[PDB]
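Single chain ahead, written as structure tokens, the form deposited in one PDB entry.
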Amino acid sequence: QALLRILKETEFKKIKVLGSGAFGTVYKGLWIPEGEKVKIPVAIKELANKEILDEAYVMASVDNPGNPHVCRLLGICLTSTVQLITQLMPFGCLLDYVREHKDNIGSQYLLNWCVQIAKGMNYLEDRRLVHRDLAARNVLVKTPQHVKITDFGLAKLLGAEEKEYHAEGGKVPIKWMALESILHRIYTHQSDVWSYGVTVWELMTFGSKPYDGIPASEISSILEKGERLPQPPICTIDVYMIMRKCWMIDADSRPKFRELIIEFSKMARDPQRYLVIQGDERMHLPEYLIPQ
């Protein structure tokens, strides 16, 4: 059962703006619980009220048992707007992190992040949840060795006798969506596997924009012609074939998140065999459009 903890605005202090975009506005602060005096660093989101409360319901529904690689909602705050509260991730989003530390990320970190995103997505698949927005921008970095999936804005829960979600005319990310989602607005856990492949391609290219220069309306025709995202220079054939298996026309032929945990975990045990990065031993660490 989903339960929300209504937190008072007087409990939050030192609110500073982290960023803004399609997600709305994300801030950072210090949550002092009532009675307790432990200053917990937290993040606050804003944007209309109908949309942010759907996100809170989705996050609260999948909170028990919970997964270490999935962001969990601490509670909500009722100021002039409805705000979401979660544990702060000090190192920000992974898309910016891979673009900032281009020359310091080793093969072990890239493969472990792929394992962790697949562990989080497999947990969401078990809780009948289709994320519908898996991208490097929606992956946060708690510490360089630990990542979490975020932004349950487009996420939808599936009923017991429901294996797919049909969207209406809302804005959606075309360059991360599967071909069936662009053509027929159909969203399954296998459509999230396509987005997982695009997210893996983003990490392997250190934050390259997918299909750069190509407009969103030309993507369906490009994917029907057999064209896919290119092989990143650091990827061996085994890593690139996983990405290409995530982008197959038949959604059931694509890999499963439980299979991607095993495949990338095997690769993480011998990382230099599967990714070729210069000076790997020396390294050390401490969009949306209307469909038609």
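Residues carry their position along the shown sequence, with the first being 1.
The same protein also exists as the form solved in complex with a partner chain; that form is not shown, yet it is the one meant from here on.
The closest non-hydrogen atom of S191 lies beyond 4.5 Å of its partner chain in the deposited bound form. Contact check for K175: a non-hydrogen atom falls within 4.5 Å of its partner chain in the deposited bound form. The closest non-hydrogen atom of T199 lies beyond 4.5 Å of its partner chain in the deposited bound form.
The shortest heavy atom separation between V130 and its partner chain in the deposited bound form exceeds 4.5 Å.
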